[PDB]
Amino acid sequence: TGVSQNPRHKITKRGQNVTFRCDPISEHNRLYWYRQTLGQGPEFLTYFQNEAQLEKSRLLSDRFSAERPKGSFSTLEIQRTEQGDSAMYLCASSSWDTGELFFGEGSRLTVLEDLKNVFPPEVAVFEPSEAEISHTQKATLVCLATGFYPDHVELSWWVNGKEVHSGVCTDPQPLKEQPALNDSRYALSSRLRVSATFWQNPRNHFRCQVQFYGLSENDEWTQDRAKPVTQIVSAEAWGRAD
């Protein structure tokens, strides 16, 4: 039903090779590769009509290659990655009969100088103020994720084992813990608001979950700290009767 891409993220050190896979909407004869950097618009990479690669950005490096062997799925390979390769890699497909492009969720590539700057988040949940409860009859929890690099995180709220969206908002962008430096670690916050009566039930369980897209297991690691692999870091609170 939708365009699928594997993987969602990939961190890489300079010089390494990377391969992304795209699966179009069933039977779509036209497939496109694009990439996009933050704050800008998508830039064209390549076009396939069935198996044949009909158009390719003239400026794009020969290090970039794409193939679509049987039509259908396509891979995009980047050899000897450079920092400048860092972007969201978008795949799109279209049917022969209509011009509408359907996009995948993207593959986020971050190519870094050295992997020693990669850090997972620390996560903490801060409980509602008694003053907020008295004043508004509502209760806001705050989740803070701090000290992560690069900024590849998804934060979610879980109430009694169920993901919630209502009463939630998460900062649009992380802030830098040192806005000047290029390799500053990041911090991100989110709020979950519930009624005071819901907070005041001690059986109610609140969890903030932060998914971090980090290193693989094929990445070399020789630091004493834990390898900053892709992981979930969470924190939690329970309701308080008053």
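From 1 onward, residues are counted along the sequence shown.
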Next on the checklist: Which is higher on mean Cα B factor in this entry, 184-192 or 38-46?
Outcome noted: 38-46
Checklist entry - On average, are the C-alpha B-factors higher in 10-18 or in 227-235? => result 10-18
Next on the checklist: Between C143, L115, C169, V153, which one tops the list for Cα B-factor in this entry?
Outcome noted: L115
Checklist entry - Which one, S134, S72, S93, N160, has the peak C-alpha temperature factor per the PDB entry? => result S72
Checklist outcome for this item: Here the Cα B-factor of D85, set against its chain, lands in the third termed middle
Next on the checklist: Is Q79 in the lowest, middle or highest third of its chain when residues are ranked by C-alpha B-factor?
Outcome noted: highest
Checklist entry - For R68, does the deposited CA B-factor place it in the lowest, middle or highest third of the chain? => result highest
Checklist entry - What third of the chain, by the recorded C-alpha B-factor, contains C208? => result lowest
